[PDB]
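Data first, discussion second: the structure below is written as structure tokens.
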Amino acid sequence: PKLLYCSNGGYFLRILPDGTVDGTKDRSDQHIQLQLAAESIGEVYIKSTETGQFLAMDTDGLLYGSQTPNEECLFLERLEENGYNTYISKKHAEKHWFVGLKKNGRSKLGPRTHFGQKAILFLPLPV
């Protein structure tokens, strides 16, 4: 189990129960305890320990919580240099659609993310 610390405004990825994912500067929230599992090497799954939903990304690139894992719940996982990670939506690895949060907490649409951005670096912390 592990908080997912986005380096941007310092939030913690939070998959909510209505499927809305966004970020929170609140550690205490239990909807932010995600656990990562790996479907293969370099490929990871991310799911709420609280609700069991899965992280996932539309075709619009909208991070969203899915009740059951699928083609959209899989994410590439690179261990950047700052020591920070980076999850590339697999289904949209071709267009570098990263999982990211903006400074205001909202998520970032896959398409507007871009390597080198600061909203795309998460630092997994223990739960």
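Residues in the structure tokens are numbered from 1 in each chain, the chains being A, B, ... in the order shown, and ligands are numbered from 1 in the order shown.
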Please provide as number ranges by chain all residues within 10 Å of segment 63-66 of chain A, with the sequence filter that same-chain residues fewer than 3 positions apart are discarded (counting only C-alpha atoms).
A: 14-22, 46-48, 51-60, 69-70, 72-73, 89, 98-101, 107-110
Restricting the output to C-alpha atoms, write the selected residues as a PDB file, in the first residue's frame.
ATOM      1  CA  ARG A  14      -6.806   9.952  -4.959  1.00  0.00           C
ATOM      2  CA  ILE A  15      -9.256   7.667  -6.744  1.00  0.00           C
ATOM      3  CA  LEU A  16     -12.640   8.497  -5.298  1.00  0.00           C
ATOM      4  CA  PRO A  17     -15.628   6.265  -5.104  1.00  0.00           C
ATOM      5  CA  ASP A  18     -17.672   7.843  -7.775  1.00  0.00           C
ATOM      6  CA  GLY A  19     -14.745   7.040 -10.057  1.00  0.00           C
ATOM      7  CA  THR A  20     -13.414  10.569  -9.912  1.00  0.00           C
ATOM      8  CA  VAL A  21      -9.618  10.702  -9.571  1.00  0.00           C
ATOM      9  CA  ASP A  22      -7.896  13.855  -8.549  1.00  0.00           C
ATOM     10  CA  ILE A  46      -2.862   0.907  -9.536  1.00  0.00           C
ATOM     11  CA  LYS A  47      -5.874   0.265  -7.357  1.00  0.00           C
ATOM     12  CA  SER A  48      -7.660   1.751  -4.372  1.00  0.00           C
ATOM     13  CA  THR A  51     -12.696   0.748  -2.837  1.00  0.00           C
ATOM     14  CA  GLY A  52     -10.745  -1.618  -5.152  1.00  0.00           C
ATOM     15  CA  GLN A  53     -11.268   0.592  -8.106  1.00  0.00           C
ATOM     16  CA  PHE A  54      -8.558   0.738 -10.691  1.00  0.00           C
ATOM     17  CA  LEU A  55      -6.713   3.684 -12.155  1.00  0.00           C
ATOM     18  CA  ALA A  56      -7.486   4.056 -15.761  1.00  0.00           C
ATOM     19  CA  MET A  57      -7.365   6.424 -18.691  1.00  0.00           C
ATOM     20  CA  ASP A  58     -10.103   7.292 -21.158  1.00  0.00           C
ATOM     21  CA  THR A  59      -9.434   7.684 -24.767  1.00  0.00           C
ATOM     22  CA  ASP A  60      -9.662  11.353 -23.996  1.00  0.00           C
ATOM     23  CA  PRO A  69      -9.289  -3.846 -14.556  1.00  0.00           C
ATOM     24  CA  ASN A  70      -9.041  -3.632 -18.324  1.00  0.00           C
ATOM     25  CA  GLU A  72      -7.208   1.033 -19.821  1.00  0.00           C
ATOM     26  CA  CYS A  73      -5.988   0.208 -16.342  1.00  0.00           C
ATOM     27  CA  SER A  89      -0.793   4.966 -20.013  1.00  0.00           C
ATOM     28  CA  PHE A  98       1.188  10.274 -18.606  1.00  0.00           C
ATOM     29  CA  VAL A  99      -0.728  10.065 -15.367  1.00  0.00           C
ATOM     30  CA  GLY A 100      -0.401  13.481 -13.853  1.00  0.00           C
ATOM     31  CA  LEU A 101      -2.007  16.028 -11.595  1.00  0.00           C
ATOM     32  CA  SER A 107      -5.861  15.532 -12.865  1.00  0.00           C
ATOM     33  CA  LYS A 108      -4.287  16.247 -16.188  1.00  0.00           C
ATOM     34  CA  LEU A 109      -5.801  14.972 -19.432  1.00  0.00           C
ATOM     35  CA  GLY A 110      -3.396  12.436 -20.947  1.00  0.00           C
TER      36      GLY A 110
END
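Excluding residue 4 of chain A itself and any same-chain residue fewer than 4 positions from it, the protein and nucleic acid residues within 8 Å of it, counting only C-alpha atoms, are residues 12, 13, 32, 33, 34, 122, 123, 124 and 125 of chain A.
Using only C-alpha atoms, the nearest neighbour of residue 80 of chain A within the list A:127, A:121, A:36, A:3 is A:121.
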Residue with the minimum atom-to-atom distance to residue 39 of chain A, picked from A:90, A:84, A:8, A:27 with only C-alpha atoms counted, is A:90
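Interatomic distance, atom CA of residue 61 of chain A to atom CA of residue 112 of chain A: 8.6 Å.
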All strand (DSSP E or B) residues (DSSP, backbone) inside chain A, as an MDAnalysis selection string:
chainID A and resid 2:6 12:15 20:24 34:37 43:48 54:57 63:66 75:79 85:89 98 101 107 122:126
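The gap separating atom CA of residue 45 of chain A from atom CA of residue 115 of chain A is 20.5 Å, in Å to one decimal.
Picture a line from atom CA of residue 106 of chain A to atom CA of residue 43 of chain A; it runs 24.4 Å.
When only C-alpha atoms are used to compute distances to residue 118 of chain A, the closest of the residues A:10, A:30, A:77, A:2 turns out to be A:10.
Taking only C-alpha atoms into account, residue 23 of chain A lies nearest to A:119 out of the set A:44, A:119, A:76, A:93.
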